[PDB]
Amino acid sequence: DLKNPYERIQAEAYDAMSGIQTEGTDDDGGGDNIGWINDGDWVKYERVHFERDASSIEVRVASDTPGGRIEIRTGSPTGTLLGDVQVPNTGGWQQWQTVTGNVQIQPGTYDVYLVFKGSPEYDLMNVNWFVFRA
Ligand SMILES: O[C@@H]1[C@@H](O)[C@H](O[C@@H]2CO[C@@H](O)[C@H](O)[C@H]2O)OC[C@H]1O
Ligand SMILES: O[C@@H]1[C@@H](O)[C@@H](O)OC[C@H]1O
Ligand code: NA
Ligand code: NA
Ligand code: NA
């Protein structure tokens, strides 16, 4: 039941969420993505174990709007910001690209939250999976 942050974590495999819905993805490899993402929404992945320090996160994203950002926090949706990732317009809801952002995460087991932020006026993005790099 521990998750491995150094291999892809599928975004739909969350343990709790606020604000979002899942759908089948047209990204290569098929599977699913989370979507209907708005400013202040989040997803929680429990028991993410880091054996060594993480220095960045890579996220597979799509957006038909101006996009937004993903904040990486632990413990709760308000927990200390460990890094963020900018998500641009990608040309459509199933036009997928990989983006990256720096993080600083020390070894330990965490409840990881991705908290989505941007304009309140439009849905922000879709996310297929994410993975950390050491
Ligand atoms: O996650 C995506 C949803 O956000 C998307 O919903 C659209 C949001 O933008 C609006 O301008 C559209 O009316 C609305 O349907 O649907 C696709 C899904 O991948
Ligand atoms: O352009 C491609 C798009 O059609 C989808 O499959 O997501 C991956 C992209 O490279
Ligand atoms: Na939402
Ligand atoms: Na960043
Ligand atoms: Na996925």
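Start at 1 with the first residue, then count along the sequence. Just follow the structure's listing: the first ligand is 1, and inside any ligand the first atom is 1.
Here the side chains of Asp53 and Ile105 are not in contact, with every heavy-atom distance at 4.5 Å or above.
A salt bridge links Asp15 with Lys3: at least one charged nitrogen is closer than 4.0 Å to a carboxylate oxygen. Ion pairing between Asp111 and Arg47 fails under the 4.0 Å rule for side-chain N and carboxylate O.
A donor atom on one side chain and an acceptor atom on the other are not found under 3.5 Å apart for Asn33 and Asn128.
Residue contact check: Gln95 has heavy atoms under 4.0 Å from atoms 1 (O), 3 (C), 4 (O) of ligand 2. Of all atoms in ligand 2, numbered sequentially from 1 with element shown, those under 4.0 Å from a heavy atom of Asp26 are 5 (C), 6 (O).
The atom of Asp41 nearest to the Na ion (ligand 3) is OD2, with the search restricted to N, O or S atoms.
Residue contacts with ligand 2 for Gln94 involve N, CA, C or O but no side-chain atom from C-beta outward (heavy atoms, distance under 4.0 Å).
Atom CD1 in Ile72 sits 13.5 Å away from atom OG1 in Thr80 (nearest 0.5 Å).
Looking from atom 10 (O) of ligand 2 to the surrounding protein, the closest heavy atom is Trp96 O, 4.1 Å. Distance from atom 8 (C) of ligand 2 to its nearest protein heavy atom, with residue and atom name: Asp27 OD1, 3.3 Å.
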Evaluate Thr25 against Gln94 for side-chain hydrogen bond (donor to acceptor under 3.5 Å, both in side chains), listing each step before the verdict. CA-CA 7 Å; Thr25 191; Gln94 302 284 332; 3.1 Å; yes
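Inclusion of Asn38 in the first shell of the Na ion (ligand 3) is supported: an N, O or S atom falls under 3.0 Å.
Vertex the Na ion (ligand 3), arms ending at O of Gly19 and O of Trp36: the angle is 80° after rounding to 10 degrees.
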